[PDB]
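Geometric and topological summary
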Amino acid sequence: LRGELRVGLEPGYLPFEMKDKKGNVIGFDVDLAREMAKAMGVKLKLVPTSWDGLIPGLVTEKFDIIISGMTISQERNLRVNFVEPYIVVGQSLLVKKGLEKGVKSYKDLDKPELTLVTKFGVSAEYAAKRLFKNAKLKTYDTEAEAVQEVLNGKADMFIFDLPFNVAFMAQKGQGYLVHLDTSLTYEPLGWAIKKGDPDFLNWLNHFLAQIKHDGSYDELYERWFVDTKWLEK
Amino acid sequence: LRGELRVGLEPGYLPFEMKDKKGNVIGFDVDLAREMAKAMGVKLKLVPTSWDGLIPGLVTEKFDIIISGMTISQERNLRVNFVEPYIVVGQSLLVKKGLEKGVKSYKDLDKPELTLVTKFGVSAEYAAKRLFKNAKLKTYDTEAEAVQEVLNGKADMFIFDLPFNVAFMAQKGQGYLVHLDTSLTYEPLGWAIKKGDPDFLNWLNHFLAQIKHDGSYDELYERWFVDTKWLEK
Amino acid sequence: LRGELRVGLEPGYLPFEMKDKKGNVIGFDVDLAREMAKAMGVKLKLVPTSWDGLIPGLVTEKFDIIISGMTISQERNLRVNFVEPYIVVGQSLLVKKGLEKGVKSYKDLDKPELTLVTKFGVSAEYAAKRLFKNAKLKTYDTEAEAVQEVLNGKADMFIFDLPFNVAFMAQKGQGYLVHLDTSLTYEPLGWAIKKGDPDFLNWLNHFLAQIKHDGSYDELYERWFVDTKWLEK
Amino acid sequence: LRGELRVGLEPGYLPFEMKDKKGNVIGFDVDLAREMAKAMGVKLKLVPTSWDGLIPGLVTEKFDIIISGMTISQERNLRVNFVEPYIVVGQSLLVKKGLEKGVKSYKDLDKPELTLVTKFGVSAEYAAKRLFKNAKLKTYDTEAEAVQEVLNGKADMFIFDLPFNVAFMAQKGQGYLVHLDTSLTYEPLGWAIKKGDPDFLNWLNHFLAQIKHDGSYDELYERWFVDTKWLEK
Amino acid sequence: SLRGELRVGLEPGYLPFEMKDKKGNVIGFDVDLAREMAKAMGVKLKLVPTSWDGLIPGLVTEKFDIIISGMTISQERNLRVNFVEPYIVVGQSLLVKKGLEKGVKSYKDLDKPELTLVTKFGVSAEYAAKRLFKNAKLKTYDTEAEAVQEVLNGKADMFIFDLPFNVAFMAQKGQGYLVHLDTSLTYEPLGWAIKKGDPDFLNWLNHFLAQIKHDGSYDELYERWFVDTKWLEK
Ligand SMILES: N[C@@H](CCCC[NH3+])C(=O)O
Ligand SMILES: N[C@@H](CCCC[NH3+])C(=O)O
Ligand SMILES: N[C@@H](CCCC[NH3+])C(=O)O
Ligand SMILES: N[C@@H](CCCC[NH3+])C(=O)O
Ligand SMILES: N[C@@H](CCCC[NH3+])C(=O)O
């Protein structure tokens, strides 16, 4: 690769990709992508894309790599190759205040009179249909649209990857929601690239091992997952 | 690959693959293969094959994968590729009664007046050739035939993969054989696929890493290496 | 109604209604009926009554509503109308220490030696007969008489609505018995009024949802089901 | 009410009600009445009835409830009260083998050239008028009789409640018809009772809630909507 | 469950539920609902504009069939009429004069007896403000619109009322002069009332309500009145 590293993501998975107040795209994966560019001695470009355009975009060479906090699922892994996992994740729940009472398991929210909302075409959806099966399930176009349904009284509860939930609790959720943080799925996230390229994978993996033993990774992880400065966009 | 997942294996290797009383082939690898096929959204077609016909069956494109309790050796691995190890194993023995007495190690048993038996052309035959300088070694077409040879007055001791020993011990060698259980080799077991498809490898390694963290693999480990339920066929 | 709302209950079920110290009756249900009366602009009158005279007491205008932890069952529903459920409950078991080990459902405790005990003529009794075939079962007049035999040594297990088993646990059971938390049935508890009054229902259903979105329900709930300050009765 | 529960239904709406080989009527709606009569303490008498006579059979007191896959509408609700819905269904198409190709929405089958058919005076005919402007509409006496006009030459496509179609496909259709399963409407079906009984409502509505939270509704759902045993009939 | 016409009592001037068009017909989210409901029953709509303290008794007295006036389901009222499952959920909000919102985190920063607070007489807000406000002057007026004029006039500092009123008011006149403190302070389910002893008609209404929530009808009327601004050319 010469010139520039084109990375496609979709903004809105806090704290991985979000849109600035200035409209600039920032986050863990964005910093991850600057490092990669640097370590490759090459220019970074981001291409923003909707979740559903990510894999075809990659497969079609709209970009070279995906770094969107994407679950290494066996389905998707048939269309692209995944680098090794750089963070490990699972789905928790955000609930309206009050229905959290006496819940010992997620399983007793799997009730027919309850409405569960996530975003369409994502891990949590697939989790939701595997996990629940009683509760009504509705899906939406964004993480934001979806938690709004429960915030505004339209839904009872919201499911998503755990770090979106804890980012959210910090920025808006503390007062009005409750986070049931017990993880419900084992979801490694890796970067995806298109098949037929083992040389890239070699490079990507080593470059992952480096930052994980460099102290570089742990800084970024501190920045986006423990620290709270970032929250003023 | 679309349609079906063809898996070559050779039954005989308790608890990985054997055939039941009904005539169907079942066991650890089978449940793995079934799980694998489901993850690719595909049908499963086992292709039972004699051992010597497994690699060339594979390289010959008669099936896509070996799942036979195959050992990742440097010799084989010149001919095919292996996924990361799904289980680690090692060679042990069964001796007839009275034999187990006085022994401190394998070295005590490596004597000329004794005959050692094992399946021809297999992992054990190689450790046997390496480990034992003084003892007669005679090989057979199936593990069962090899054991029989010491269930009779014919051989003194049988060597094989340790897990087969522990299962046969529970199956038939209860009163008769004695199990010296000191692992004598380091034997990593792995799925093999033909060379020059690194994408399938990527998909295989990410899948093996799921079932070790899912609980899936764990549920299946118990089933076949602890449960004792499966002895009824 | 006029002048007084008359409530029909039997003190015993904890933490719903219990008599103590001063000989006053108190609990979640009482606190509920208290808010109900302020809402109507009436004065509360509590009419403590043995279980088996609640429904007859109701049909006979001994009192106007039954708020003492009652299951909305189809048998009882033939005889009175239920407001929509105010809480959802379920059978759990208190057992002696030792009994909990390796037990992987209530079902592996259904044995002709073991003795299940309960209060007579209550939802707990009917579930006892439905689930447990083999276990000797004995019945007593109160919840206390029944758990006694278990604490003391005569019977050895106890079955009742879960909220009780945790409440007992927090007062007297913590060193002594083991609580298999798992939910054995689905048991909605509702207020019961006599038939032929759809207006009082309409009113009762709206009152229920007010306190549910009011925070009022929630306060009472913490105060009785989580708060440990009350057990100082 | 005591003695028996009389239940009015029209056989043919697979898999809710249909006449079996011997000629007794079965299905999801019968098993559901069978649960009602057990819980009610009472015997069960099914009163089969032509559809345009059910509402008048109820009001007339020919039976006590209509469980028939009846859609809840405002028109109907003027004459009879409806319990809450027990299932939500949607209208869908059964078209001749071949003319499924190209199509993207139901609208491209709305050509003056094509003949659409369904049963007379039933919520499928109304959606059909509502949704089909051009195509010639013909109405018959029974679902079975209307489809029969696509199975032979006469008509082109068939409109009815999705479960009917999934059922018809698994029973006869696979090689003959094509099923576009995009639900075109949203219709909640409900049980009807004669107006004037608020107590039977309260009963019926709690009963529906039990079985939906119990496992019994789900038993009966897998049974008729999924399993396929039922066809041997 | 009747023949002839469906008669609906309402009090115009709770924007955007009910208002006078100025050609003098009453229009609003409630009227469109009342219009849908009447069609579904195959019957005619008559609106019976009524002043607020006369809605319930008019219903009991059989002057009309149902009240669709954005009325709060309350235990005290529910004693006298029956309510249908609520159809929209609302809370009280505050409209204040310019600047007066700076450095305020909650409603509590506004209790000063210095401050004067106004609303309409005998209405959800009036009872809420008496609960919530302990120090502030509370004055009352026959109409929502007479009430806000006092803060617009600078004879009072802030207006309290159902939140959807405030946003519609902010759009028409308030945008330059007042500021909407839009934190919801009550939990106020809104339902149609009818007289007691009629379970059938309740059955009918509850199922009609479920129908328009799942139709798209409800959402449509909702957008039309509560979100988009077109309705404002009275
Ligand atoms: N990691 C999840 C979240 C998607 C985030 C959508 N912006 C997935 O792979 O679907
Ligand atoms: N790992 C042993 C197992 C052989 C089993 C023969 N059925 C090998 O590689 O030869
Ligand atoms: N839920 C129980 C109540 C416990 C009995 C209280 N003394 C029942 O309805 O049978
Ligand atoms: N669900 C529709 C169709 C039932 C068809 C009866 N054979 C209705 O309520 O009319
Ligand atoms: N929700 C308010 C409506 C105000 C009506 C004013 N015309 C109430 O029920 O009091």
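Counting of residues begins from 1 for each chain and follows its sequence as written, which need not mirror the entry numbering; any residue without coordinates is not displayed. Each chain gets a letter, beginning with A, and each ligand a number, beginning with 1, in the order they are written. Side-chain measures were taken over the full set of non-hydrogen atoms in the model, leaving aside hydrogen atoms and water.

Method of determination, as given in the entry header: X-ray crystallography; reported resolution: 2.62 Å.

Per the PDB entry, chain E goes by the name BINDING COMPONENT OF ABC TRANSPORTER and belongs to Wolinella succinogenes. The UniProt entry for chain E carries the following text under Sequence similarities (unreviewed entry): "Belongs to the bacterial solute-binding protein 3 family." UniProt positions are given in the numbering used here, feature names are shortened, and annotations may be inferred rather than shown by experiment.

The PDB entry lists chain A under the name BINDING COMPONENT OF ABC TRANSPORTER, with Wolinella succinogenes given as the organism. Taken directly from UniProt, the Sequence similarities (unreviewed entry) text for chain A runs: "Belongs to the bacterial solute-binding protein 3 family." Within the UniProt record for chain A, the comment given under Subcellular location (unreviewed entry) is "Cell envelope".

1. Remarks on the interface of chain C and chain A
With four residues of chain C in contact, the opposing surface of chain A contributes five residues. Two parts placed together each lose some accessible area under a 1.4 Å probe, and adding up what both lose gives the buried area. Each partner contributes to the roughly 350 Å² buried at the junction of chain C and chain A, and carbon and sulfur atoms together form 52% of this total. By the criterion of area lost to chain A, the three top residues of chain C are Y186, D218 and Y221 of chain C, representing 79% of everything that side buries. The rule for a salt bridge is simple: a side-chain nitrogen of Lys or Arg has to be within 4 Å of a carboxyl oxygen of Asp or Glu. Counting across the chain C and chain A interface gives one salt bridge. Looking at the side of chain C that touches chain A, its residues break down into two nonpolar, no polar and two charged. It only takes one pair of heavy atoms within 4.5 Å for two residues to be counted as in contact. For this classification, the nonpolar set comprises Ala, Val, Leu, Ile, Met, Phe, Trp, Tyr, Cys and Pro, the charged set comprises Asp, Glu, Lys and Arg, and every other residue, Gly included, is treated as polar.

2. Description of the interface of chain B and chain A
Often, the extent of an interface is quoted as the loss of accessible area upon association of its parts. Listed per partner, the contact involves eleven residues of chain B and 14 residues of chain A. For the pair chain B and chain A, the two sides together bury roughly 1100 Å², of which 53% comes from carbon and sulfur. In this assembly, chain B and chain A are joined by zero salt bridges. Polar contact criterion, stated in full: a pair of N or O atoms within 3.5 Å, where within protein one must be able to donate a hydrogen and the other to accept it, and residues adjacent in sequence count only if both atoms are side-chain atoms. In this structure, the connection of chain B to chain A is made through eight residue pairs in polar contact. By definition, any uninterrupted DSSP run of H or I lasting at least four residues is a helix, any uninterrupted run of E lasting at least two residues is a strand, and each is numbered from the N terminus. Counting residues per element, the side of chain B that touches chain A draws most heavily on helix α7 (residues 198-214) of chain B, which supplies nine residues. Here the side of chain B that touches chain A is built from residues that sort into six nonpolar, four polar and one charged.

3. What about the site of ligand 1?
All names here are of chain A. Near ligand 1 you find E10, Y13, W51, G69, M70, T71, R76, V122, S123, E143, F160 and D161, and these make up its full shell. A distance of 3.3 Å separates a nitrogen atom of ligand 1 from a polar atom in the side chain of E143. Classifying every residue of the shell around ligand 1 gives five nonpolar, three polar and four charged. Counting contributing residues, the shell around ligand 1 receives three or more from each of domain 1 (1-88 + 188-233) and domain 2 (89-187). A cutoff of 4 Å decides nearness: a residue is near a molecule or strand if any of its heavy atoms lies inside that distance of it. Domain start and stop points were drawn from an automatic or database domain assignment.

4. Quick look at the packing of aromatic side chains
Any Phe, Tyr or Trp ring, taking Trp's six-membered ring, that has another such ring centre within 6.5 Å forms a pair; planes under 30 degrees apart are called stacked, those over 60 apart edge-to-face, and the others tilted. Inspection of every chain in the model, using the stated rule, returns 90 aromatic pairs over all chains. Judged by centre distance (5.1 Å) and plane angle (70 degrees), the ring pair of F28 of chain D and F225 of chain D falls under edge-to-face. Separated by 197 residues along the polypeptide, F28 of chain D in helix α1 (residues 28-40) and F225 of chain D in helix α8 (residues 216-226) bring together distant segments of the chain. Pair check on accessibility: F28 of chain D and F225 of chain D agree, each one buried. When the NZ atom of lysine or the CZ atom of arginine is within 6 Å of a ring's centre and also within 35 degrees of its normal, the charge is said to sit over that ring. Directly above the ring of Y217 of chain A sits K212 of chain A, whose terminal nitrogen or CZ lies 4.8 Å from the centroid. The classification of residues rests on relative accessible area computed with a 1.4 Å probe and restricted to protein chains. Under 20% of the type maximum is buried, over 50% is exposed, and intermediate values are partly exposed.

5. A closer look at the UniProt feature "domain: Ionotropic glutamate receptor C-terminal" (unreviewed entry) in chain A
As recorded in UniProt, the sites labelled "domain: Ionotropic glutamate receptor C-terminal" (unreviewed entry) are residues 4-227 of chain A. This span, residues 4-227 of chain A, is 35% helix and 25% strand, and a straight line between its end C-alpha atoms measures 30 Å.

6. Looking at the site of ligand 3
Residue and element names in this part refer to chain C. Of all residues adjacent to ligand 3, which total 13 residues, the nearest are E10, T71, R76, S123 and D161. Taking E10, its side chain carries an N or O atom lying 2.6 Å from a nitrogen atom of ligand 3. In this structure, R76 approaches ligand 3 through a side-chain N or O atom, which is 2.5 Å from an oxygen atom. Methods summary: accessible areas were calculated by the Shrake-Rupley approach with a probe of 1.4 Å, and residue burial reflects only the protein chains presented. For ligand 3, whose free accessible area comes to 320 Å², the fraction covered by protein is 100%. Within the shell around ligand 3, the residues separate by chemical class into five nonpolar, three polar and five charged. Shared between two domains, the shell around ligand 3 takes at least three residues from each, and those domains are domain 1 (1-88 + 188-233) and domain 2 (89-187).

7. What to know about the relation of the copies chain B and chain A
The transform that puts chain B on chain A rotates by 119 degrees and translates by 0.1 Å along the axis, for an RMSD of 0.4 Å. Both copies of the chain, as the preceding transformation shows, are related through a three-fold rotation axis. No C-alpha of chain B lies nearer the rotation axis than that of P198 of chain B, which sits 3.9 Å from it. Both copies present different contact surfaces, since only 9% of the interface residues of chain B are interface residues in chain A too. Note that copies are overlaid through least squares, fitting their C-alpha atoms.

8. Remarks on the nonpolar core
Residue and element names in this part refer to chain D. The criterion is simple. A nonpolar core is a set of buried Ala, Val, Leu, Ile, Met, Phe, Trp, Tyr and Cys residues joined through side-chain atoms within 4.5 Å. One finds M36, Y86 and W191 to be the most contacted residues of the largest nonpolar core, which totals 79 residues. Summarising the domain contributions, this core has at least three residues from each of domain 1 (1-88 + 188-233) and domain 2 (89-187). For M36, the residues in contact, after removing those within four places along its chain, are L5, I65, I67, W191, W203, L204 and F207.

9. Some thoughts on the UniProt feature "domain: Solute-binding protein family 3/N-terminal" (unreviewed entry) in chain E
In the UniProt entry, the feature "domain: Solute-binding protein family 3/N-terminal" (unreviewed entry) is given for residues 5-228 of chain E. Strand forms 24% of residues 5-228 of chain E and helix 35%; the C-alpha atoms that close the span are 31 Å apart.

10. What about the pairing of strand β11 (residues 157-161) of chain B?
Residue and element names in this part refer to chain B. Of all five residues that make up β11, five are buried, and the element is covered over most of its length. Whether two strands pair comes down to DSSP finding at least two bridges between them. As paired strands, strand β9 (residues 115-119) and β11 are joined by two bridges and run parallel to one another. Pairing of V117 across the sheet is with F158, part of β11.

11. Some points on the domain arrangement of chain E
All names here are of chain E. Here chain E is described as being made up of domain 1 (1-89 + 189-234) and domain 2 (90-188). For domain 1 and domain 2, the distance between their C-alpha centres works out to 25 Å. The partner domain 2 presents 15 residues to the 16 residues of domain 1 that form the contact. Regarding the contact of domain 1 and domain 2, the summed buried area is about 1300 Å², with carbon and sulfur atoms giving 62% of it. When the buried surface of domain 1 facing domain 2 is broken down by residue, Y14, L15 and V89 rank first, second and third, together holding 35% of it. If you look at where domain 1 meets domain 2, you find one salt bridge. Put simply, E11 and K120 hold a salt bridge, and the shortest N to O gap is 3.4 Å. Taken together, the connections running from domain 1 to domain 2 amount to four residue pairs in polar contact. Among the secondary structure elements, those contributing two or more residues to the side of domain 1 that touches domain 2 are β7 (88-90) and β13 (188-190).

12. A short note on the packing of α1 of chain D against helix α7 (residues 198-214) of chain D
Residues and elements named next belong to chain D. Helix axes use the C-alpha atoms of the stretch in contact, all axes being lines fitted to C-alpha atoms, and the angles between their N-to-C directions lie in the range 0 to 180 degrees. Running from N to C, α1 and α7 cross one another at 115 degrees; their axes reach a closest spacing of 11 Å. Seen from above, α1 lies across α7 with right-handed handedness. Taken together, the residues of α7 that come into contact with α1 (itself represented by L32, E35, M36, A39 and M40) are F200, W203, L204, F207 and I211. When grouped by side-chain class, the residues that make up the contact of α1 with α7 number nine nonpolar, no polar and one charged. Handedness of a crossing follows from how the near helix is turned relative to the far one, being left-handed for an anticlockwise turn of less than a right angle and right-handed for a clockwise one.

13. Digging into helix α5 (residues 162-173) of chain C
In this scheme, a helix's expected span is set at 1.5 Å multiplied by one less than its residue total. The end-to-end C-alpha separation of α5 of chain C is 14 Å, well short of the 16 Å expected for twelve residues at 1.5 Å each. Among the residues of α5 of chain C, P163, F164, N165, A167, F168, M169 and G173 of chain C are the ones counted as buried.

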